[PDB]
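K.L.:
Have a peek at my_file.cif (mmCIF, C-alpha atoms).
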data_upload
#
loop_
_atom_site.group_PDB
_atom_site.id
_atom_site.type_symbol
_atom_site.label_atom_id
_atom_site.label_comp_id
_atom_site.auth_asym_id
_atom_site.auth_seq_id
_atom_site.Cartn_x
_atom_site.Cartn_y
_atom_site.Cartn_z
ATOM 1 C CA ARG W 4 -89.512 -114.311 -101.830
ATOM 2 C CA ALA W 5 -89.711 -111.234 -104.086
ATOM 3 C CA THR W 6 -89.371 -107.849 -102.347
ATOM 4 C CA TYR W 7 -91.787 -105.305 -103.708
ATOM 5 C CA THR W 8 -90.809 -101.657 -103.105
ATOM 6 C CA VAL W 9 -93.669 -99.236 -103.676
ATOM 7 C CA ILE W 10 -92.030 -95.915 -104.637
ATOM 8 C CA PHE W 11 -95.338 -94.106 -104.981
ATOM 9 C CA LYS W 12 -99.009 -94.841 -105.686
ATOM 10 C CA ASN W 13 -100.731 -91.474 -105.756
ATOM 11 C CA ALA W 14 -98.278 -88.563 -105.726
ATOM 12 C CA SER W 15 -98.779 -85.080 -104.322
ATOM 13 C CA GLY W 16 -95.017 -84.386 -104.411
ATOM 14 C CA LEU W 17 -91.739 -86.290 -104.734
ATOM 15 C CA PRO W 18 -91.856 -89.852 -103.448
ATOM 16 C CA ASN W 19 -90.795 -90.223 -99.858
ATOM 17 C CA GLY W 20 -87.062 -90.923 -99.592
ATOM 18 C CA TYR W 21 -86.383 -89.598 -103.142
ATOM 19 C CA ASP W 22 -85.070 -86.471 -104.797
ATOM 20 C CA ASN W 23 -85.313 -85.420 -108.470
ATOM 21 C CA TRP W 24 -81.883 -85.056 -110.054
ATOM 22 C CA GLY W 25 -83.412 -84.620 -113.488
ATOM 23 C CA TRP W 26 -83.246 -81.575 -115.758
ATOM 24 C CA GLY W 27 -85.238 -79.612 -118.273
ATOM 25 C CA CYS W 28 -88.652 -80.292 -116.658
ATOM 26 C CA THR W 29 -91.261 -78.678 -114.484
ATOM 27 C CA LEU W 30 -93.197 -81.123 -112.230
ATOM 28 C CA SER W 31 -96.759 -80.747 -110.966
ATOM 29 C CA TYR W 32 -99.192 -83.083 -109.164
ATOM 30 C CA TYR W 33 -102.851 -83.731 -109.897
ATOM 31 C CA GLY W 34 -105.230 -86.702 -109.781
ATOM 32 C CA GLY W 35 -102.465 -88.570 -107.994
ATOM 33 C CA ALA W 36 -100.150 -88.349 -110.948
ATOM 34 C CA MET W 37 -96.624 -87.035 -111.160
ATOM 35 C CA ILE W 38 -96.997 -84.779 -114.175
ATOM 36 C CA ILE W 39 -93.739 -84.145 -116.037
ATOM 37 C CA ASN W 40 -93.707 -81.139 -118.321
ATOM 38 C CA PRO W 41 -90.424 -81.216 -120.246
ATOM 39 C CA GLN W 42 -89.124 -78.099 -121.983
ATOM 40 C CA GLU W 43 -88.651 -78.132 -125.782
ATOM 41 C CA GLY W 44 -85.116 -78.778 -126.953
ATOM 42 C CA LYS W 45 -83.883 -80.081 -123.554
ATOM 43 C CA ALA W 46 -84.537 -83.820 -123.876
ATOM 44 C CA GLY W 47 -85.700 -83.339 -120.295
ATOM 45 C CA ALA W 48 -86.029 -86.045 -117.753
ATOM 46 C CA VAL W 49 -87.135 -86.784 -114.289
ATOM 47 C CA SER W 50 -84.402 -88.731 -112.516
ATOM 48 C CA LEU W 51 -85.778 -90.179 -109.236
ATOM 49 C CA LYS W 52 -82.722 -90.460 -106.997
ATOM 50 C CA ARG W 53 -82.932 -92.701 -104.026
ATOM 51 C CA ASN W 54 -81.645 -90.791 -100.928
ATOM 52 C CA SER W 55 -80.114 -94.016 -99.573
ATOM 53 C CA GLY W 56 -79.258 -97.443 -100.959
ATOM 54 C CA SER W 57 -79.818 -99.064 -104.355
ATOM 55 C CA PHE W 58 -82.058 -101.540 -106.217
ATOM 56 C CA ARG W 59 -80.638 -104.536 -108.103
ATOM 57 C CA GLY W 60 -82.002 -106.090 -111.288
ATOM 58 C CA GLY W 61 -85.606 -107.216 -111.013
ATOM 59 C CA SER W 62 -88.388 -105.133 -112.618
ATOM 60 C CA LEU W 63 -90.137 -101.796 -112.660
ATOM 61 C CA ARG W 64 -93.902 -101.507 -112.785
ATOM 62 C CA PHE W 65 -95.685 -98.212 -113.386
ATOM 63 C CA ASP W 66 -98.798 -96.711 -114.995
ATOM 64 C CA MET W 67 -98.040 -94.135 -117.656
ATOM 65 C CA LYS W 68 -99.631 -91.922 -120.261
ATOM 66 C CA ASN W 69 -97.555 -89.797 -122.505
ATOM 67 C CA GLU W 70 -98.079 -87.497 -125.489
ATOM 68 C CA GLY W 71 -94.736 -88.544 -127.000
ATOM 69 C CA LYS W 72 -92.089 -91.263 -126.881
ATOM 70 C CA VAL W 73 -90.657 -91.837 -123.372
ATOM 71 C CA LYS W 74 -87.330 -93.530 -122.596
ATOM 72 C CA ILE W 75 -86.977 -95.354 -119.289
ATOM 73 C CA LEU W 76 -83.480 -95.650 -117.802
ATOM 74 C CA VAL W 77 -81.702 -96.511 -114.601
ATOM 75 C CA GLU W 78 -78.371 -95.292 -113.340
ATOM 76 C CA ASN W 79 -75.713 -96.111 -110.804
ATOM 77 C CA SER W 80 -74.535 -92.701 -109.714
ATOM 78 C CA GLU W 81 -71.201 -93.951 -108.160
ATOM 79 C CA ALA W 82 -69.921 -95.540 -111.389
ATOM 80 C CA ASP W 83 -71.567 -92.730 -113.369
ATOM 81 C CA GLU W 84 -73.269 -95.390 -115.447
ATOM 82 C CA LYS W 85 -76.591 -95.228 -117.229
ATOM 83 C CA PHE W 86 -78.700 -98.064 -118.757
ATOM 84 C CA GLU W 87 -81.694 -97.934 -121.143
ATOM 85 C CA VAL W 88 -84.563 -100.145 -119.989
ATOM 86 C CA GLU W 89 -87.137 -99.375 -122.664
ATOM 87 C CA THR W 90 -88.630 -96.898 -125.077
ATOM 88 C CA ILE W 91 -92.445 -96.503 -124.872
ATOM 89 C CA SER W 92 -94.804 -95.220 -127.547
ATOM 90 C CA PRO W 93 -97.317 -92.475 -126.942
ATOM 91 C CA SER W 94 -100.662 -93.304 -125.301
ATOM 92 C CA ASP W 95 -103.474 -90.880 -124.375
ATOM 93 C CA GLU W 96 -104.752 -93.391 -121.751
ATOM 94 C CA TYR W 97 -102.912 -94.846 -118.752
ATOM 95 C CA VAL W 98 -101.141 -98.121 -119.541
ATOM 96 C CA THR W 99 -99.519 -100.458 -116.968
ATOM 97 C CA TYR W 100 -95.958 -101.364 -117.919
ATOM 98 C CA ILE W 101 -93.854 -104.022 -116.240
ATOM 99 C CA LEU W 102 -90.294 -104.013 -117.487
ATOM 100 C CA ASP W 103 -87.278 -106.172 -116.732
ATOM 101 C CA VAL W 104 -84.171 -104.337 -115.607
ATOM 102 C CA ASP W 105 -81.200 -106.215 -117.099
ATOM 103 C CA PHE W 106 -78.566 -103.720 -115.846
ATOM 104 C CA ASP W 107 -75.658 -105.597 -114.261
ATOM 105 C CA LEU W 108 -74.992 -102.833 -111.693
ATOM 106 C CA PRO W 109 -77.111 -101.632 -108.757
ATOM 107 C CA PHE W 110 -79.192 -98.551 -109.520
ATOM 108 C CA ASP W 111 -80.154 -95.651 -107.305
ATOM 109 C CA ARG W 112 -81.779 -93.547 -110.050
ATOM 110 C CA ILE W 113 -84.824 -94.262 -112.161
ATOM 111 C CA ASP W 114 -85.317 -91.951 -115.165
ATOM 112 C CA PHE W 115 -88.252 -91.046 -117.345
ATOM 113 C CA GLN W 116 -87.045 -88.980 -120.299
ATOM 114 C CA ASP W 117 -88.733 -86.930 -123.020
ATOM 115 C CA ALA W 118 -86.690 -88.685 -125.656
ATOM 116 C CA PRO W 119 -87.634 -86.668 -128.840
ATOM 117 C CA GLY W 120 -87.210 -83.459 -126.796
ATOM 118 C CA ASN W 121 -90.398 -81.901 -128.209
ATOM 119 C CA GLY W 122 -91.747 -80.992 -124.754
ATOM 120 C CA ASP W 123 -94.399 -83.744 -124.561
ATOM 121 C CA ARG W 124 -95.976 -84.299 -121.107
ATOM 122 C CA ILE W 125 -95.587 -87.539 -119.188
ATOM 123 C CA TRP W 126 -97.915 -88.763 -116.415
ATOM 124 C CA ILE W 127 -96.828 -91.407 -113.898
ATOM 125 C CA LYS W 128 -98.524 -93.222 -111.051
ATOM 126 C CA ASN W 129 -98.099 -96.476 -109.174
ATOM 127 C CA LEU W 130 -94.362 -96.962 -109.477
ATOM 128 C CA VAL W 131 -93.034 -100.158 -107.920
ATOM 129 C CA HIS W 132 -89.813 -102.124 -108.088
ATOM 130 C CA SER W 133 -89.689 -105.904 -107.705
ATOM 131 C CA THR W 134 -86.515 -107.915 -107.116
ATOM 132 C CA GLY W 135 -88.140 -110.606 -109.285
ATOM 133 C CA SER W 136 -88.804 -110.570 -113.033
ATOM 134 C CA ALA W 137 -91.558 -108.949 -115.077
ATOM 135 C CA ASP W 138 -93.211 -112.232 -115.999
ATOM 136 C CA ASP W 139 -93.290 -113.255 -112.289
ATOM 137 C CA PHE W 140 -94.556 -109.851 -111.112
ATOM 138 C CA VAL W 141 -97.681 -110.057 -108.918
ATOM 139 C CA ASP W 142 -98.968 -106.522 -108.718
ATOM 140 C CA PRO W 143 -99.522 -105.400 -105.101
ATOM 141 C CA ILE W 144 -101.479 -102.365 -106.347
ATOM 142 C CA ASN W 145 -104.165 -104.323 -108.340
ATOM 143 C CA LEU W 146 -104.190 -106.723 -105.536
ATOM 144 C CA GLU W 147 -104.859 -104.247 -102.670
ATOM 145 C CA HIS W 148 -107.845 -102.995 -104.806
ATOM 146 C CA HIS W 149 -109.346 -106.502 -104.915
#
Could I get this structure in the form of structure tokens?
P.N.:
Amino acid sequence: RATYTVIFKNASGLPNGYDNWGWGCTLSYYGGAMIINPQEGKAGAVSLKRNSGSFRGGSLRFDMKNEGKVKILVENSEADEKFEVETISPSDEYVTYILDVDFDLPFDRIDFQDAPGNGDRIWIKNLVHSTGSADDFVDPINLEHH
């Protein structure tokens, strides 16, 4: 059985049980989105840090729109180890991404970074981890709608 962990659907603030250990960004909340406003020259990131425990492998599902290129990473904060999941091209419309996490350590941080460091906004909603793969992902969000 896959375990689906909904981190947030609509956000009005930081997800419950998480902190932001990122840098070089201002966050705001509107239309249910976490709106990341990175500062120019900082290669800013949100780093969602789980207060307790860790995820392992599996996959990350989220809706995003983004004015520039966005790098997705995870980290294990104990080993001080970081892993690049994917780099995602700009889109002016929300797109649903479901990405395998092939990191061979547990991860307690999930990062969205303004990779080019030009200060391009990022918008995120509906962020979910599965213990199962991307191909096998059955979206609980689309599914609750239907």
K.L.:
Pick out the closest residue to residue 129 of chain W from this set: W:84, W:107, W:142, W:117. Count only C-alpha atoms.
P.N.:
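Of all the options, W:142 lies closest to residue 129 of chain W.
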K.L.:
Between atom CA of residue 86 of chain W and atom CA of residue 101 of chain W, measure the distance and give it in Å to one decimal.
P.N.:
16.5 Å
K.L.:
What residues come out when you apply the PyMOL selection byres ((chain W and resi 144) around 12) to this file, written as a count of residues only?
P.N.:
25
K.L.:
Suppose a student applies the PyMOL selection byres ((chain W and resi 95) around 8) to this structure; what residues should they get, written as a VMD selection string?
P.N.:
chain W and resid 68 to 70 93 to 94 96 to 97
K.L.:
Write the selection just made, keeping C-alpha atoms, as a PDB file, in the coordinates of the input?
P.N.:
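Output file selection_38.pdb is given in full below:
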ATOM      1  CA  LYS W  68     -99.631 -91.922-120.261  1.00  0.00           C
ATOM      2  CA  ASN W  69     -97.555 -89.797-122.505  1.00  0.00           C
ATOM      3  CA  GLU W  70     -98.079 -87.497-125.489  1.00  0.00           C
ATOM      4  CA  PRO W  93     -97.317 -92.475-126.942  1.00  0.00           C
ATOM      5  CA  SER W  94    -100.662 -93.304-125.301  1.00  0.00           C
ATOM      6  CA  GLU W  96    -104.752 -93.391-121.751  1.00  0.00           C
ATOM      7  CA  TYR W  97    -102.912 -94.846-118.752  1.00  0.00           C
TER       8      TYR W  97
END
K.L.:
If you measure from atom CA of residue 36 of chain W to atom CA of residue 111 of chain W, what distance in Å do you get, rounded to one decimal?
P.N.:
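The value is 21.6 Å.
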K.L.:
List the residues matched by the PyMOL selection byres ((chain W and resi 55) around 8) in the displayed structure as a PyMOL selection string, ordered by chain and then by residue number.
P.N.:
chain W and resi 20+53-54+56-57+111
K.L.:
When you draw a straight line from atom CA of residue 137 of chain W to atom CA of residue 72 of chain W, how long is it in Å?
P.N.:
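About the pair atom CA of residue 137 of chain W and atom CA of residue 72 of chain W: they are 21.3 Å apart.
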